[PDB]
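See below for the structure under consideration.
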Amino acid sequence: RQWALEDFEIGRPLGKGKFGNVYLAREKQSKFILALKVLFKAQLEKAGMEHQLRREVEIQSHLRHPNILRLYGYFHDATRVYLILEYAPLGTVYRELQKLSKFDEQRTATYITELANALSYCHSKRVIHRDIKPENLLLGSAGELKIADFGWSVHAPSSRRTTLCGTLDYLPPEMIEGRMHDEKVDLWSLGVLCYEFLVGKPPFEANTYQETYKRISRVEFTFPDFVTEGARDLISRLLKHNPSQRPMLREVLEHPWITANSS
Ligand SMILES: Nc1ncnc2c1ncn2[C@@H]1O[C@H](COP(=O)(O)OP(=O)(O)O)[C@@H](O)[C@H]1O
Ligand SMILES: [Ca+2]
Ligand SMILES: [Ca+2]
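Going by UniProt numbering, the sequence shown opens with residue 126, and the numbers climb by one from there.
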């Protein structure tokens, strides 16, 4: 309780999503620097995703972890909805990935650690993200990873997927096949990110949706020569077609290659 647009000086655009237009902003009274995610009611309603928005606010407002981005509150005004988010000053892992093409083992292991901790806290409440990918991974002032954008978040188990498009790149077989899914979806994503971080691209990238779908469902990926044995071991363990065969997060955090490299 209980903001209005008038409470904020709006700064520069921080990023655009499918629906979200995100701006740096400062709260006039306190001079608190933050981010406003702006959504258009028309676009949400017409058509599809008004329920995701409610899900995102409800779920994310209630989460408190250093590796999960804060949602502080919200408001609206007949044309738009405004989410008030914690501002992440070092940008997205996506842009960082663009900047240096690929990450070293130390950086990758640290990102995975920070990710595994946030996910393990999420999973502790049976909350599953389902949209873990570099666009949704922000960096705090200490360069620490922060999981963001809970539009796709839901409680486990779930069904449907609803319907998503954009890439399939980060989705496990049980999600691309419309099946019932677990917290295990987030473990598959973790494996996909781990490979993208070291290699510079996702294990199942292809030129078409139909081929990507096929590669994911058949789980066909290969490692460049430069990927080390301990990273190969971790990724092969996360990218298993059968969800239950996938590791618990504790197993990931205690993986030798993770413990060896993680700063
Ligand atoms: N709190 C934030 N701090 C800095 N940049 C952000 C923040 N939230 C989002 N962004 C940027 O805006 C983009 C879209 O935000 P997001 O909420 O993920 O979009 P959408 O919900 O529309 O998919 C992100 O990928 C990122 O580049
Ligand atoms: Ca997003
Ligand atoms: Ca979203």
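No residue lacks a Cβ here, since even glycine has one placed at the ideal position from N, Cα and C.
Do residue i and residue j have their C-beta atoms closer together than 8 Å?
i           : j           : result
residue 349 : residue 317 : no
residue 359 : residue 313 : no
residue 197 : residue 210 : yes
residue 160 : residue 148 : yes
residue 346 : residue 320 : yes
residue 365 : residue 357 : no
residue 180 : residue 303 : no
residue 278 : residue 255 : yes
residue 206 : residue 166 : yes
residue 257 : residue 311 : yes
residue 383 : residue 253 : no
Any chance the CB of residue i is under 7 Å from a heavy atom of ligand 2?
i           : result
residue 260 : yes
In chain order, what residues of the same chain lie with their CB nearer than 6 Å to the CB of residue i, ignoring the 5 residues before and after it?
i           : result
residue 241 : 374, 377 and 378
residue 233 : 322 and 323
residue 273 : 194, 261 and 263
residue 177 : 276
residue 222 : 259
residue 297 : 310 and 313
residue 342 : 298
residue 251 : 280 and 281
Tell me whether residue i counts as near ligand 3, meaning its Cβ is closer than 7 Å to at least one heavy atom of that ligand.
i           : result
residue 276 : yes
Just checking residue i against ligand 1 - is the residue's beta carbon closer than 7 Å to any of the ligand's heavy atoms?
i           : result
residue 143 : yes
residue 197 : no
residue 163 : no
residue 295 : no
residue 160 : yes
residue 302 : no
residue 217 : yes
residue 273 : yes
residue 279 : no
residue 246 : no
With a threshold of 8 Å on Cβ separation, who are the neighbours of residue i within its own chain once the five nearest residues in sequence on each side are excluded?
i           : result
residue 338 : 293 and 301
Please work out which residues of its chain come closer than 7 Å, Cβ to Cβ, to residue i, disregarding the five sequence neighbours upstream and downstream, and give them in chain order.
i           : result
residue 139 : 147, 148, 149 and 160
residue 169 : 144, 175 and 178
Meets three-Cβ-pair contact criterion under 8 Å: the segment 203-221 and the segment 256-272 = yes
Touch test, the segment 234-254 against the segment 184-194, Cβ-Cβ under 8 Å, three pairs minimum | yes
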